[PDB]
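In what follows, a structure is listed as C-alpha cells, so that the remarks can point back to it.
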Amino acid sequence: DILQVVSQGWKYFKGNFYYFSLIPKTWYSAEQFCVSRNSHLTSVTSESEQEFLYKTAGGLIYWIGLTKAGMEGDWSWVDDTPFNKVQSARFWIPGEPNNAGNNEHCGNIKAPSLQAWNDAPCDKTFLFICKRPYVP
Ligand SMILES: CC(=O)NCCc1ccc(O[C@H]2O[C@H](CO)[C@@H](O)[C@H](O)[C@@H]2O)cc1
Ligand SMILES: [Ca+2]
Ligand SMILES: [Cl-]
C-alpha cells in the first residue's frame with residue numbers, strides 16, 4: 001500500500017520506498033532498524049537514485065548500505081546488490097575511500113553532490129536511509 005507506507009514517513013521513488021531517519025545509529029544498528037521494517041540500508045545503482053538521495057539528504061550525513069566484505073575487504077551492498085566498482089567511482093567524494101585511521105569499513109552520503117560518499121568507522125553514529133522495494 002503506497003499511501004499507507006508513505007504516510008508512515010517513507011518516500012516513494014522509482015519503484016522503491018525510502019526512509020530517512022531522524023535518530024542517529026551505528027551502521028549495523030541502522031541496518032537492524034531497516035531489517036525490522038522489511039528493508040535494508042539503501043543501495044545506490046544509478047545517477048538518478050544518487051541524485052534523489054543526496055538532494056533529499058539536504059547536506060546532512062546518512063549511512064547507506066555500503067560496507068566492506070569478503071577476505072579482500074571489497075566494497076559491497078548489504079541488500080546483496082552486486083557492487084559495480086566502475087559505475088560507483090563517480091559517486092565517491094574525491095580522495096575517498098581513504099580508510100582514515102585504518103578503520104573505515106562502512107559508507108555514508110556525506111556531501112550534497114553527485115560526488116557524495118565517504119568511508120567512515122562502522123561504529124560511529126549517523127542518520128541513516130532504509131530502502132524497500134514496492135511489491136504490488
Ligand atoms: C572536520 C574537521 O575538523 N576536519 C579536520 C580534521 C579532520 C581531518 C580528517 C577527518 O576525517 C574525516 O574527514 C576525512 C576527509 O578529510 C574523511 O575521509 C574521513 O572519513 C572523516 O570523515 C576528521 C577531522
Ligand atoms: Ca574517509
Ligand atoms: Cl528515526
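Each chain of the C-alpha cells is named A, B, ... in the order shown, its residues numbered from 1; ligands are numbered from 1 in display order.
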At a cut-off of 8 Å and counting only C-alpha atoms and all ligand atoms, what residues surround ligand 3? Please answer as a JSON list (two decimals) with N, CA, C and O atoms, in the first residue's frame.
```
[["chain", "number", "residue", "atom", "x", "y", "z"],
["A", 20, "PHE", "N", 14.23, 8.09, 5.57],
["A", 20, "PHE", "CA", 15.32, 8.95, 6.04],
["A", 20, "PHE", "C", 15.14, 9.13, 7.55],
["A", 20, "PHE", "O", 14.16, 9.74, 8.00],
["A", 21, "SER", "N", 16.07, 8.58, 8.33],
["A", 21, "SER", "CA", 15.86, 8.56, 9.77],
["A", 21, "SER", "C", 16.03, 9.95, 10.38],
["A", 21, "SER", "O", 16.66, 10.84, 9.81],
["A", 22, "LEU", "N", 15.46, 10.12, 11.58],
["A", 22, "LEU", "CA", 15.70, 11.32, 12.37],
["A", 22, "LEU", "C", 16.49, 11.05, 13.65],
["A", 22, "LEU", "O", 16.82, 12.01, 14.36],
["A", 23, "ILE", "N", 16.81, 9.80, 13.96],
["A", 23, "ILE", "CA", 17.69, 9.47, 15.08],
["A", 23, "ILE", "C", 18.94, 8.79, 14.53],
["A", 23, "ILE", "O", 18.85, 7.95, 13.62],
["A", 24, "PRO", "N", 20.13, 9.13, 15.04],
["A", 24, "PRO", "CA", 21.36, 8.51, 14.53],
["A", 24, "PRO", "C", 21.63, 7.16, 15.19],
["A", 24, "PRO", "O", 21.24, 6.90, 16.33],
["A", 127, "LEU", "N", 22.70, 9.65, 11.05],
["A", 127, "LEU", "CA", 21.39, 9.35, 10.49],
["A", 127, "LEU", "C", 21.57, 8.29, 9.41],
["A", 127, "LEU", "O", 22.69, 8.01, 8.97]]
```
Let me see if you get this right: every residue at most 7 Å from ligand 1, counting only C-alpha atoms and all ligand atoms, written as a JSON list (two decimals) with N, CA, C and O atoms, in the first residue's frame.
```json
[["chain", "number", "residue", "atom", "x", "y", "z"],
["A", 96, "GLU", "N", 38.20, 9.79, -1.59],
["A", 96, "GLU", "CA", 37.56, 8.71, -0.87],
["A", 96, "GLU", "C", 37.33, 7.52, -1.80],
["A", 96, "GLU", "O", 37.23, 7.69, -3.01],
["A", 97, "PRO", "N", 37.30, 6.29, -1.26],
["A", 97, "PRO", "CA", 37.53, 5.95, 0.15],
["A", 97, "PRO", "C", 39.00, 6.07, 0.53],
["A", 97, "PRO", "O", 39.87, 5.71, -0.27],
["A", 98, "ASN", "N", 39.30, 6.58, 1.72],
["A", 98, "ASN", "CA", 40.69, 6.75, 2.12],
["A", 98, "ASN", "C", 41.08, 5.93, 3.33],
["A", 98, "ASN", "O", 42.27, 5.92, 3.68],
["A", 99, "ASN", "N", 40.13, 5.23, 3.96],
["A", 99, "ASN", "CA", 40.39, 4.36, 5.10],
["A", 99, "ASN", "C", 41.22, 5.09, 6.16],
["A", 99, "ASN", "O", 42.31, 4.67, 6.53],
["A", 100, "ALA", "N", 40.66, 6.20, 6.63],
["A", 100, "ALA", "CA", 41.35, 7.04, 7.61],
["A", 100, "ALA", "C", 41.38, 6.35, 8.97],
["A", 100, "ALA", "O", 40.35, 5.92, 9.48],
["A", 104, "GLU", "N", 37.80, 2.45, 8.54],
["A", 104, "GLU", "CA", 36.62, 2.98, 7.85],
["A", 104, "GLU", "C", 36.08, 1.91, 6.89],
["A", 104, "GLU", "O", 36.40, 1.90, 5.70],
["A", 118, "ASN", "N", 31.43, 8.94, 1.51],
["A", 118, "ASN", "CA", 32.66, 8.84, 2.29],
["A", 118, "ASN", "C", 32.67, 7.54, 3.07],
["A", 118, "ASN", "O", 31.62, 7.06, 3.51],
["A", 119, "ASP", "N", 33.86, 6.96, 3.27],
["A", 119, "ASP", "CA", 34.00, 5.83, 4.18],
["A", 119, "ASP", "C", 34.31, 6.33, 5.58],
["A", 119, "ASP", "O", 35.14, 7.22, 5.76],
["A", 120, "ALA", "N", 33.62, 5.75, 6.56],
["A", 120, "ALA", "CA", 33.67, 6.15, 7.96],
["A", 120, "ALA", "C", 33.62, 4.92, 8.85],
["A", 120, "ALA", "O", 33.21, 3.84, 8.40]]
```
Extract the full set of strand (DSSP E or B) residues from chain A according to DSSP on the backbone, and format it as a ChimeraX atom specification. /A:10-13,16-20,25,40-41,62-69,74-77,92,106-109,117-120,126-133
8 Å contact set for residue 131 in chain A, only C-alpha atoms, chain neighbours under 4 positions out, as an mmCIF file with N, CA and C atoms, in the first residue's frame:
```
data_model
loop_
_atom_site.group_PDB
_atom_site.id
_atom_site.type_symbol
_atom_site.label_atom_id
_atom_site.label_comp_id
_atom_site.auth_asym_id
_atom_site.auth_seq_id
_atom_site.Cartn_x
_atom_site.Cartn_y
_atom_site.Cartn_z
ATOM 1 N N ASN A 16 10.709 2.120 -5.386
ATOM 2 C CA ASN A 16 11.254 1.785 -4.077
ATOM 3 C C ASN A 16 10.742 2.769 -3.032
ATOM 4 N N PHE A 17 10.616 2.290 -1.797
ATOM 5 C CA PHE A 17 10.331 3.136 -0.648
ATOM 6 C C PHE A 17 11.629 3.455 0.090
ATOM 7 N N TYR A 18 11.774 4.700 0.554
ATOM 8 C CA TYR A 18 12.963 5.143 1.281
ATOM 9 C C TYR A 18 12.582 5.776 2.608
ATOM 10 N N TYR A 19 13.339 5.447 3.653
ATOM 11 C CA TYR A 19 13.136 6.004 4.984
ATOM 12 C C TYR A 19 14.382 6.786 5.377
ATOM 13 N N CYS A 34 16.390 -1.026 9.799
ATOM 14 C CA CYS A 34 15.837 -1.268 8.468
ATOM 15 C C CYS A 34 15.265 -2.679 8.353
ATOM 16 N N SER A 39 13.303 -3.980 5.327
ATOM 17 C CA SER A 39 14.094 -3.199 4.385
ATOM 18 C C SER A 39 15.576 -3.407 4.694
ATOM 19 N N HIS A 40 16.422 -2.660 3.987
ATOM 20 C CA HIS A 40 17.860 -2.664 4.213
ATOM 21 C C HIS A 40 18.364 -1.240 4.064
ATOM 22 N N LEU A 41 19.537 -0.948 4.630
ATOM 23 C CA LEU A 41 20.208 0.292 4.255
ATOM 24 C C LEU A 41 20.334 0.378 2.732
ATOM 25 N N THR A 42 20.112 1.567 2.182
ATOM 26 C CA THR A 42 19.910 1.679 0.744
ATOM 27 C C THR A 42 21.173 1.368 -0.066
ATOM 28 N N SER A 43 20.988 0.637 -1.163
ATOM 29 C CA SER A 43 21.983 0.630 -2.222
ATOM 30 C C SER A 43 21.776 1.846 -3.137
#
```
So, with only C-alpha atoms and all ligand atoms as the atoms that count, which of A:115, A:81, A:103, A:32 lies closest to ligand 2?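 Looking only at the distances to ligand 2, the closest residue turns out to be A:103.
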Might you pull out every residue within 12 Å of residue 14 in chain A, with only C-alpha atoms counted and same-chain residues fewer than 6 positions away left off, and present them as a PyMOL selection string? chain A and resi 46+48-49+52+131-134
Would you output that residue set with N, CA, C and O atoms, as a PDB file, in the first residue's frame?
```pdb
ATOM      1  N   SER A  46      22.254   4.018  -9.673  1.00  0.00           N
ATOM      2  CA  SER A  46      22.061   4.872 -10.841  1.00  0.00           C
ATOM      3  C   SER A  46      22.292   6.314 -10.422  1.00  0.00           C
ATOM      4  O   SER A  46      22.172   6.667  -9.244  1.00  0.00           O
ATOM      5  N   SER A  48      20.323   8.770 -11.192  1.00  0.00           N
ATOM      6  CA  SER A  48      19.056   9.339 -10.744  1.00  0.00           C
ATOM      7  C   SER A  48      18.757   8.987  -9.288  1.00  0.00           C
ATOM      8  O   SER A  48      18.203   9.814  -8.553  1.00  0.00           O
ATOM      9  N   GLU A  49      19.141   7.789  -8.838  1.00  0.00           N
ATOM     10  CA  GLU A  49      18.940   7.438  -7.431  1.00  0.00           C
ATOM     11  C   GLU A  49      19.904   8.204  -6.529  1.00  0.00           C
ATOM     12  O   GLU A  49      19.498   8.716  -5.481  1.00  0.00           O
ATOM     13  N   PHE A  52      18.450  11.701  -6.207  1.00  0.00           N
ATOM     14  CA  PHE A  52      17.338  11.741  -5.265  1.00  0.00           C
ATOM     15  C   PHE A  52      17.832  11.655  -3.827  1.00  0.00           C
ATOM     16  O   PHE A  52      17.323  12.356  -2.943  1.00  0.00           O
ATOM     17  N   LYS A 131      15.834   1.344   2.458  1.00  0.00           N
ATOM     18  CA  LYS A 131      15.214   1.191   1.147  1.00  0.00           C
ATOM     19  C   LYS A 131      14.478  -0.140   1.088  1.00  0.00           C
ATOM     20  O   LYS A 131      14.980  -1.166   1.550  1.00  0.00           O
ATOM     21  N   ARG A 132      13.272  -0.100   0.531  1.00  0.00           N
ATOM     22  CA  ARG A 132      12.418  -1.263   0.449  1.00  0.00           C
ATOM     23  C   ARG A 132      11.715  -1.216  -0.903  1.00  0.00           C
ATOM     24  O   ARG A 132      11.087  -0.195  -1.232  1.00  0.00           O
ATOM     25  N   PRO A 133      11.802  -2.280  -1.701  1.00  0.00           N
ATOM     26  CA  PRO A 133      11.097  -2.285  -2.987  1.00  0.00           C
ATOM     27  C   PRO A 133       9.598  -2.405  -2.779  1.00  0.00           C
ATOM     28  O   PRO A 133       9.128  -3.104  -1.878  1.00  0.00           O
ATOM     29  N   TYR A 134       8.849  -1.684  -3.606  1.00  0.00           N
ATOM     30  CA  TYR A 134       7.409  -1.847  -3.653  1.00  0.00           C
ATOM     31  C   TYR A 134       7.100  -3.113  -4.440  1.00  0.00           C
ATOM     32  O   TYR A 134       7.588  -3.287  -5.564  1.00  0.00           O
TER      33      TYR A 134
END
```
Using Å and a single decimal, report how far CA of residue 92 in chain A sits from CA of residue 10 in chain A.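 Those two atoms sit 25.4 Å apart.
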Quick one: pull the distance between CA of residue 136 in chain A and CA of residue 76 in chain A, Å, one decimal.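 Computed distance, CA of residue 136 in chain A to CA of residue 76 in chain A, equals 27.6 Å.
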May I ask for the distance between CA of residue 69 in chain A and CA of residue 93 in chain A, given in Å to one decimal place? 20.7 Å
Give the answer as one residue: which of A:106, A:30, A:95, A:53 has the shortest atom-to-atom distance to residue 12 in chain A, using only C-alpha atoms?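 Going through A:106, A:30, A:95, A:53 one by one, the smallest distance to residue 12 in chain A is for A:53.
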